[PDB]
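Structural overview for review
Okay, here's what each chain looks like letter by letter:
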Amino acid sequence: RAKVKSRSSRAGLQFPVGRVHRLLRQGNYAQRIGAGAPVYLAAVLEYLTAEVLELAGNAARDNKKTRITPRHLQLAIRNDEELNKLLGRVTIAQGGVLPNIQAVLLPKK
Amino acid sequence: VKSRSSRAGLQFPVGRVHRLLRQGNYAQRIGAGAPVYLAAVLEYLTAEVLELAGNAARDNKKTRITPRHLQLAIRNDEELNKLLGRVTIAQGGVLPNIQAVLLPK
Amino acid sequence: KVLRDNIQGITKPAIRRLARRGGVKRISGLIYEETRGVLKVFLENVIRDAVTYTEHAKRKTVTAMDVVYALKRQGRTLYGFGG
Amino acid sequence: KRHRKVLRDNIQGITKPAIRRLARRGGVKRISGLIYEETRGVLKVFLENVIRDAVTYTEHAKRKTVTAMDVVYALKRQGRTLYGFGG
Amino acid sequence: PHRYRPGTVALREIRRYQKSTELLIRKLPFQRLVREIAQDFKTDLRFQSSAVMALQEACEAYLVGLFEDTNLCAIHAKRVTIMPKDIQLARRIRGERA
Amino acid sequence: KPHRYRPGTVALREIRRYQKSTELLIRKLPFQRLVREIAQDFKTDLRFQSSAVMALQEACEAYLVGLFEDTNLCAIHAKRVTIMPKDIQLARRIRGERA
Amino acid sequence: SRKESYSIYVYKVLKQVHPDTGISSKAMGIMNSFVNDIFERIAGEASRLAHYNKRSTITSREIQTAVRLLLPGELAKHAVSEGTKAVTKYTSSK
Amino acid sequence: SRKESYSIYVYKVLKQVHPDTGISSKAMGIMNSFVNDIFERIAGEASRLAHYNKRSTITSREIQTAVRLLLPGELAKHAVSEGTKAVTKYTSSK
DNA sequence: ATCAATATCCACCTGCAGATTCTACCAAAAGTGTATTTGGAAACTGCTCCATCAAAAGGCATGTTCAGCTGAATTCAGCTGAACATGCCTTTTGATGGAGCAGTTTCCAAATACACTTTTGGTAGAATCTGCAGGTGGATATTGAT
DNA sequence: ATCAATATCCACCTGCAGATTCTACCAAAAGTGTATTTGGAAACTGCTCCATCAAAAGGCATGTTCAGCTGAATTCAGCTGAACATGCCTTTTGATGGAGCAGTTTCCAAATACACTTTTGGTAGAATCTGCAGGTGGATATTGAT
Ligand SMILES: [Cl-]
Ligand SMILES: [Cl-]
Ligand SMILES: [Cl-]
Ligand SMILES: [Cl-]
Ligand SMILES: [Cl-]
Ligand SMILES: [Mn+2]
Ligand SMILES: [Mn+2]
Ligand SMILES: [Mn+2]
Ligand SMILES: [Mn+2]
């Protein structure tokens, strides 16, 4: 008799491998879901969460505030160039724009 | 034996359209009206672009629809424009259009 | 004698304080009307798609998810409200 | 056992007269001299990005021939859906 | 009396709002506007509090973003003032109108 | 004793000539080589359906032409009549392509 | 071997609206792509509707709200028309 | 009854990459919408991959090509990596 | 660029409610175990469809000349829109009461899923037709020079 | 305004490719009968969401003054278009050897289908915290005058 190790930790992940599997079965994405697919994806989602999370927290502490607001997450994503395309046609609530004024508009001396 | 497609007074193959709903995995299950209603919408639409196109075929003094004509059709008709904005018609051309300021005068 | 559509309730200064967030040094007087026009179109067809969602679901209250599904539908995917 | 010949620098085969011809159909009366290089600039990015996806479709499918479907599947993927080749 | 010359609060104002994140249209003028646009599609509709801010959020975003994109067009024509002429070019390139 | 047309006048004359047609405008073998090159540089040792090259050339000319009018609108917007890079960059920036 | 198309149906519907007009093979091609494209968008947009509403099946109603969502204006309206009761003619026979 | 979220997993991974960093509730909100979107895109793109090649199932192999298409540049490759890296570690489930 | 002067910013400090996080239990997933079913990987192998290759030609690109007209640069009047104080009002805010609905259990009839068995519509080459692309020369129009 | 110089239009011809037709073999609807879930239809709540309600806050409209900007007008250098001569290379066509689909078959390795056993992910209260909301007071910026 051999008992429970979550498959998510068998893959060394924080993200829920099991759930992601349930979610792919119930998405109508294909007839059958291979047992590696949900781990791989969970990894990819966990990874991606990680990547914007550090870049945002950086901008979070840069803003001299302890935690992460949508503001920071925006500053994070829009200043990073590789996240800007993945999230180009996505709008971040309560985010703002990056401060940006055109050269031509500024005073002269 | 009587097919469902003529049973609904359609040219389009309701039978197939049902089957083609088998692999989008668009859902677990397909209701029996879905292929009929839809196959109808496709038949309606192919029909609608077919007239506007054939017109341009005959303005052009030709018996046969070229992709050209289909373009003249899709782009000059404005509701059909919009459904097909982000689509490119092979061998199609553009609509003849010169900007006002460019013409001599 | 203030009988005026609420589109004009979109007060003038407020219409574009935005333009500055948009990065604009100075704006024409015509711009406000033209703007109020675009504002309305934008949200008209959005609420139209949002609502058929409310309607397909046989509901009588528009929920934020209907909005979200619709924004996505329009290619204006919004994060922070359920998808 | 016959490999040749190196393909290098083929972007300049997109001749200035041809760049012109595309441009007229676009309805352009007059073109700056810089426009041609810029254009070649823009064409090659475009054609890279498409062929990158076309090919990723070809290899996932474990073929070694790019098929028009791959092209089409890729173009569509770019939101530049093309009619007249298989979808 | 003494004060600032034209254009200068504007920059002072631009940096202020780019600095902030707050909503800029007001809530009830908007809400009123929203339900009005709504009722005209289906009668007897009500709305989640959340679903209204959802819409203000989407709009203000769309609009601000509507330009940075023309301000580029106003600047493109050796100008510094946005005009209707400019917005239409923005939307026509984006594919909203021709 | 010999001349024919003023500057600008055949320009329009060809706009009307090409807008009337549907032929591809890039030459076929030059396009193909370029394609094969970009490909080969992406993964080696590939082949191509005649079909899939035209797919690409049709798609391209479509793309480029469509930008050119978007460009031309930008040139005309700035009281100019000649397209410049300054224009193409504005077109792709608004399109959102990321130049 | 076995490639299947919509081209007969287009040709059928072609003789209905322009009896003395025909269609080139490359134009017929384009018509297919038009059919197939139009098909997934509708079928797809339906698919996620069922899914947003936690129901497991696509009924004619989904195909419809789909059409309502994705077709513009009047051909959306002549579609639901020409469409909704392609379906009774089907359910009024037995 | 109550719906379910990704916030614990996000908060967990958050404490790992920045041990001294919390997360606002609506910032958690955004992060949640983000996972979801990305989830669908990949899942969709794979779904459609699987389908072009007349294969009935989605394997990790499809999810990968999915990432290849849809994730940009270098962010694509740390992704293929952390994934095949999570997947072998899983199959070594002894 | 500096001097003097309104006028706006920006760190430094700080105590509190409104949030964020932490704690303390419960169905609902997820994980197992055992049992079956199947999709698609390997292994041939038939057969297109691709890659070169060559020859000749004539379409088309390139490189050069010459000028016209476009883009850019300066100047300048006038009118538009920014800046602000001013004064009245719409919007905010804070609960609040109650009907209105979405959210769900529970429970069957209707609708759809399987698994075969005829039966027929669609497809793939071969059999006929026959639009129209391309080559004309004759006209009309447009263009540009006197 | 006339007159020369092309270019565009446009009707007729005609053999060929590409369309249309016609026949014959097989995958795919359709037809039956039995096998399983669902999406309501009735019955019921919790929770948001509407309608008021009423004090004050700043926000908005309004009107005034001036600046600077936008639009116009002229001038000019030089760039880009039109024309030609020259000649390369693409285009055509036709052949041919072979790599590589794709079409079939065969057999595991892998996924699904149920049945229970654990475990976790999430709530609603209970226990901690930090931007804020706001009061300064010190600098940076901006402006008009020397
Ligand atoms: Cl409950
Ligand atoms: Cl038959
Ligand atoms: Cl002859
Ligand atoms: Cl033949
Ligand atoms: Cl503060
Ligand atoms: Mn797998
Ligand atoms: Mn019978
Ligand atoms: Mn190379
Ligand atoms: Mn200080």
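Residues numbered from 1 in each chain as written, not as in the entry; some residues may be left out. Chains lettered and ligands numbered in written order. Heavy atoms only, no water. Residues with missing side-chain atoms left out of burial classes, pairs and counts.

In the PDB archive, X-ray crystallography is given as the structure determination method for this entry, at a resolution of 3.2500 Å.

Often, the extent of an interface is quoted as the loss of accessible area on bringing the components together. The interface of chain G with chain B comprises 57 residues on the first partner and 55 residues on the second. Here chain G and chain B share an interface that buries about 5,000 Å² over both sides, 70% of which is from carbon and sulfur atoms. Taken as a group, G:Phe39, G:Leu75 and G:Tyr90 account for 13% of the area that chain G buries against chain B, more than any other trio of residues on that side. At the junction of chain G and chain B, the tally comes to one salt bridge. Measuring nitrogen to oxygen at the nearest pair gives 2.1 Å for the salt bridge that ties G:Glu4 to B:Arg16. There are 20 residue pairs in polar contact connecting chain G and chain B. Sorting the residues of the side of chain G that touches chain B by element identifies α1 (7-17), β1 (22-23), α2 (25-52), β2 (57-58), α3 (60-70), α4 (73-84) and α5 (87-91) of chain G as the ones contributing at least two each. Taken together, the residues that form the side of chain G that touches chain B break down as 28 nonpolar, 18 polar and 11 charged. (Contact = heavy atoms within 4.5 Å. Buried area = accessible area lost by both parts, 1.4 Å probe. Salt bridge = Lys/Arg side-chain N within 4 Å of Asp/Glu carboxyl O. Polar contact = N/O pair within 3.5 Å; in protein donor to acceptor, adjacent residues only side chain to side chain. Helix = DSSP H or I, 4+ residues; strand = E, 2+ residues; numbered from the N terminus. Nonpolar A, V, L, I, M, F, W, Y, C, P; charged D, E, K, R; others polar.)

The geometry of a pair of packed helices is captured by two quantities: the angle between their axes and the separation between those axes. Residue and element names in this part refer to chain B. Closest axis-to-axis distance for the helix α3 (residues 34-59)/helix α4 (residues 67-76) pair is 8 Å, and the angle between their directions is 115°. At the point where α3 passes α4, the crossing takes the right-handed sense. Residue-level inspection shows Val49, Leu52, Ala53, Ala56 and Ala57 of α3 in contact with α4, the latter providing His69, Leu70, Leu72, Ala73 and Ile74. Grouping the amino acids of the contact of α3 with α4 by side-chain chemistry returns nine nonpolar, one polar and no charged. (Axes fitted to C-alpha atoms, helices over the stretch in contact; angles between N-to-C directions. Left-handed = near helix turned anticlockwise from the far one by under 90°.)

Of all residues adjacent to DNA strand J, which total 78 residues, the nearest are A:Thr66, E:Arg5, E:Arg26, F:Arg47 and G:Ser25. Measuring from a phosphate oxygen of DNA strand J, one finds a side-chain N or O atom of C:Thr11 at 3.0 Å. Within the contact set of DNA strand J, a phosphate oxygen lies 3.0 Å away from a backbone nitrogen or oxygen of F:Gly8. No other element matches the five residues that helix α1 (residues 9-20) of chain F contributes to the surface near DNA strand J. A class-by-class count of the residues in the surface near DNA strand J yields 21 nonpolar, 21 polar and 36 charged. (Near = heavy atom within 4 Å.)

Attention now moves to helix α4 (residues 73-91) of chain H. Given a rise of 1.5 Å per residue, 19 residues ought to cover 27 Å, and the 28 Å separating the end C-alpha atoms of α4(H) matches this to within 8%. Looking at α4(H), one finds that the buried residues are H:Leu75, H:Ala76, H:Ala79, H:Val80, H:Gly83, H:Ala86, H:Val87 and H:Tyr90. Along the axis of α4(H), the buried residues cluster in a sector spanning 140°; they form a single face. Looking at α4(H), the residues exposed on the side facing more than 90 degrees away from the buried face are H:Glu74, H:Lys77, H:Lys85 and H:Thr88. Summarising the contacts, the buried residues of α4(H) are in contact with α1 (7-10), α3 (37-62) and α5 (81-86) of chain A together with α3 (60-70) of chain H. (Expected span 1.5 Å × (residues − 1). Buried < 20%, exposed > 50% of the residue type's maximum accessible area, 1.4 Å probe, protein only. Arc of directions from axis to C-beta.)

Burial runs high along helix α4 (residues 70-79) of chain A: nine of the 10 residues are buried. Three or more residues of α4(A) are buried, namely A:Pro70, A:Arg71, A:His72, A:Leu73, A:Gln74, A:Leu75, A:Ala76, A:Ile77 and A:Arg78. Looking at the buried side of α4(A), the elements it contacts are α3, α5 and β2 (90-92) of chain A, α1 (8-19) of chain E together with α2 (25-52) of chain H.

Neighbouring DNA strand I are 76 residues; C:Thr61, D:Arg21, E:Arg3, G:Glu4 and H:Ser56 lie closest to it. For DNA strand I, the fraction of protein-proximal atoms (within 4 Å) that sit in sugar or phosphate groups is 100%. In the environment of DNA strand I, a phosphate oxygen lies 3.0 Å from a nitrogen or oxygen atom belonging to the backbone of E:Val9. A distance of 2.8 Å separates a phosphate oxygen of DNA strand I from a polar atom in the side chain of F:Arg36.

Further remarks concern the packing of aromatic side chains. Taken as a whole and assessed by the stated rule, the structure comprises 17 aromatic pairs over all chains. Within the aromatic cluster, the residues linked to one another by ring pairs are A:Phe15, H:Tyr6 and H:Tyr9. Across from the ring centre of E:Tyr17, 5.8 Å away, lies the NZ or CZ of E:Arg16, which sits over that ring. (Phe/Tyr/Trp six-rings, centres within 6.5 Å; stacked < 30°, edge-to-face > 60°. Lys NZ or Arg CZ within 6 Å of the ring centre and 35° of its normal.)

To continue, consider the side chain of C:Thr35. Mapped onto the secondary structure, C:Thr35 falls in helix α3 (residues 31-56). C:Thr35 sits in the buried class, given a relative accessible area of 4%. The contact partners of C:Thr35, leaving out residues within four places of it in the chain, are C:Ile15 and E:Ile87.

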